[PDB]
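Chains A and B are the protein sequences, given in the same order.
Just so we're aligned, residue 3497 is where the first sequence starts under the authors' numbering, counting upward by one.
Just so we're aligned, residue 2831 is where the second sequence starts under the authors' numbering, counting upward by one.
The C-beta atom is built at its ideal place from N, Cα and C for all residues, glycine as well.
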Amino acid sequence: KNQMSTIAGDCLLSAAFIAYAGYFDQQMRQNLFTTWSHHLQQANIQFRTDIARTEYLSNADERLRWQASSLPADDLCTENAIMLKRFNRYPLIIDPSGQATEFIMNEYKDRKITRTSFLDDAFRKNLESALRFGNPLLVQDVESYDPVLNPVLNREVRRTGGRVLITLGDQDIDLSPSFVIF
Amino acid sequence: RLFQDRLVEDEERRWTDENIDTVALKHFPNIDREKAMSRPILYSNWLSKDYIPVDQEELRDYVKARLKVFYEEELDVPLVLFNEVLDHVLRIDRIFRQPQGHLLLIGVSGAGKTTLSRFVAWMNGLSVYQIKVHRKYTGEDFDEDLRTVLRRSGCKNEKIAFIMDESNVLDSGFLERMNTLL
Ligand SMILES: Nc1ncnc2c1ncn2[C@@H]1O[C@H](COP(=O)(O)OP(=O)(O)O)[C@@H](O)[C@H]1O
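Right under this line is the structure:
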């Protein structure tokens, strides 16, 4: 009941944390969260002062799942694993480790996922075949960026009917809560 | 519509507006100011067949009405109408209705571009042509596209909202073709 009475500031700040503060490190993430919390307290909304993002937004079930998985015991990567699911639009993973690839191709098996990248030879037609099929990908190393997947990243509005979704270039598209590309 | 729109700063817009008032009162003597100029100096060929001065209440009623009829037509995402998008829609329609109109919209990404234009082209009966980009996109394909749209505009007597992005302007030699086209 108190959670309904003071859901405003807390859930607004958690959602704003997912949306805006994804590029920044732990220091700037916490600085943004604390400045937002202080201003919300100044906005006559008296909430839980001691809130962490991994204990508010996510649950200990998926926390233990990621701890017992191949993900290491580190708060930044557990928080980013939470961010891997609570997103809306197609993100990028700016990483020097590249360990998200084994995560994606290990927990993505039933969709018959394919290993695709940017600098490989299997990109001038494998991207088009993946668009035709409708399967998720984790193409990496964006330094030779393909401008043909900008409609995919843009998610244009074109309604004609309903089928398995894919945001193609010159073909009709549909809507479904199934496919997302990384 | 020519000068105050293009300026970045609201202070610059205010200075331009007050000097418009100053020059109008300076070189338009013995004319009442309240009828010579006002705050909502807006024109459209929809309230009547003449560009009669339009007041805030009726233009806002019109903009709510057109958005209300556009709700179920194409856009499943609710377009939000306000003081700037209303002005930009009327500016873009004035430029479309003007002969040899050619508008350079300078602004941040997203924010209303290529959705205001698509919406206005849908409600004004115009056609929409967009350029796809593949690898080895030579200028010959663009020249063929320009030939077909020019013959559609002139030979087939059809007003065209020819829209282009920053993804199909990567090459250099064909950029100045639009210069002499203008
Ligand atoms: N004034 C506005 N009201 C509501 N939504 C807007 C407004 N301006 C921009 N948007 C949204 O911002 C997004 C960015 O538009 P943009 O990506 O340029 O369209 P497109 O998908 O055709 O490229 C659009 O999906 C649009 O819904």
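Start-to-end residues for the beta strand (DSSP E) that takes in residue i
i                      : result
residue 2959 (chain B) : 2957-2959
residue 2991 (chain B) : 2990-2992
Closest by C-alpha distance to residue i, when choosing among the options
i                      : options                           : result
residue 3037 (chain B) : B:2889, B:2841, B:2982 and B:2969 : No answer is possible for residue 3037 (chain B): it lies beyond the span of chain B, which begins at 2831 and ends at 3012.
residue 2852 (chain B) : B:2934, B:2867, B:2895 and B:2999 : B:2867
residue 3521 (chain A) : A:3568, A:3575, A:3540 and A:3545 : A:3575
residue 2870 (chain B) : B:2887, B:2876, B:2878 and B:2880 : B:2887
residue 2924 (chain B) : B:2899, B:2951, B:2902 and B:2908 : B:2951
residue 3592 (chain A) : A:3651, A:3536 and A:3636         : A:3636
residue 3499 (chain A) : A:3556, A:3541, A:3578 and A:3567 : A:3541
residue 3616 (chain A) : A:3599, A:3534, A:3596 and A:3638 : A:3638
residue 3583 (chain A) : A:3653, A:3517 and A:3568         : A:3517
residue 3679 (chain A) : A:3577, A:3547 and A:3519         : Residue 3679 (chain A) falls outside the range modelled here, since chain A spans only 3497 to 3678, and no answer is possible.
residue 2916 (chain B) : B:2849, B:2936 and B:2890         : B:2890
residue 2908 (chain B) : B:2894, B:2920, B:2961 and B:2921 : B:2894
residue 3571 (chain A) : A:3641, A:3634 and A:3523         : A:3523
residue 2914 (chain B) : B:2903, B:2943, B:2898 and B:2931 : B:2943
residue 3526 (chain A) : A:3644, A:3669, A:3537 and A:3547 : A:3547
residue 3009 (chain B) : B:2930, B:2835 and B:2879         : B:2930
Limits of the unbroken alpha helix (DSSP H) element including residue i
i                      : result
residue 3514 (chain A) : 3503-3515
residue 2875 (chain B) : First-last for residue 2875 (chain B): undefined, no H or E at that position.
residue 3534 (chain A) : 3522-3538
residue 3588 (chain A) : Segment: none, residue 3588 (chain A) is in no alpha helix (DSSP H) and carries neither H nor E.
residue 3016 (chain B) : This structure cannot settle anything about residue 3016 (chain B), because the visible part of chain B is limited to 2831 through 3012.
residue 3623 (chain A) : 3622-3629
residue 2867 (chain B) : Residue 2867 (chain B) -> no alpha helix (DSSP H), and no H or E assigned at all.
residue 2939 (chain B) : Neither: residue 2939 (chain B) is in no alpha helix (DSSP H) and is coded neither H nor E.
residue 3649 (chain A) : 3646-3650
residue 2969 (chain B) : 2969-2984
residue 3578 (chain A) : 3571-3579
residue 2944 (chain B) : Neither: residue 2944 (chain B) is in no alpha helix (DSSP H) and is coded neither H nor E.
residue 3563 (chain A) : 3556-3564
residue 3552 (chain A) : 3549-3552
Short Cβ contact (8 Å threshold) for residue i with residue j
i                      : j                      : result
residue 3604 (chain A) : residue 3649 (chain A) : no
residue 3664 (chain A) : residue 3627 (chain A) : yes
residue 2969 (chain B) : residue 2926 (chain B) : no
residue 3529 (chain A) : residue 3506 (chain A) : no
residue 2863 (chain B) : residue 2872 (chain B) : no
residue 3678 (chain A) : residue 3661 (chain A) : no
residue 3607 (chain A) : residue 3622 (chain A) : no
residue 2946 (chain B) : residue 2918 (chain B) : yes
residue 2997 (chain B) : residue 3602 (chain A) : no
residue 3513 (chain A) : residue 3559 (chain A) : no
residue 3578 (chain A) : residue 3613 (chain A) : no
residue 2990 (chain B) : residue 2999 (chain B) : no
residue 3654 (chain A) : residue 3668 (chain A) : yes
residue 2911 (chain B) : residue 2897 (chain B) : yes
Three-way DSSP call (helix, strand, coil) for residue i in this model
i                      : result
residue 2884 (chain B) : strand
residue 3657 (chain A) : coil
residue 3634 (chain A) : coil
residue 3005 (chain B) : helix
residue 2963 (chain B) : coil
residue 2931 (chain B) : coil
residue 3598 (chain A) : helix
residue 3643 (chain A) : helix
residue 2950 (chain B) : helix
residue 2890 (chain B) : helix
residue 2836 (chain B) : coil
residue 3610 (chain A) : coil
residue 2913 (chain B) : helix
residue 3497 (chain A) : coil
residue 2996 (chain B) : coil
residue 2925 (chain B) : helix
residue 2900 (chain B) : helix
residue 3615 (chain A) : coil
residue 2863 (chain B) : helix
residue 2907 (chain B) : coil
Chain-ordered neighbours of residue i on chain E, where CB pairs are closer than 7 Å
i                      : result
residue 3655 (chain A) : The structure shown contains no chain E; the protein chains it does contain are A and B.
Next on the checklist: Counting only Cβ-Cβ distances shorter than 8 Å, please list the residues of the stretch 2956-2979 of chain B near chain A, keeping chain order.
Outcome noted: 2962, 2963, 2964 and 2965
Checklist entry - Looking at chain B, which residues of the stretch 3639-3653 of chain A have a Cβ within less than 7 Å of any of its Cβ atoms? => result 3643, 3644, 3646 and 3653
Item to check | Interface positions of the stretch 3612-3626 of chain A facing chain B (Cβ-Cβ less than 9 Å), listed along the chain | outcome: 3620
Checklist entry - For the stretch 2881-2915 of chain B, which residues have a CB atom closer than 9 Å to at least one CB atom of chain A, in sequence order? => result 2904, 2905, 2906 and 2907
Checklist entry - Between the stretch 3663-3674 of chain A and chain B, which residues of the former have a C-beta closer than 9 Å to a C-beta of the latter? => result 3665, 3666 and 3671
Item to check | Cβ-based contacts, 8 Å cut-off: residues of the stretch 2988-3007 of chain B near chain A | outcome: 2997 and 3000
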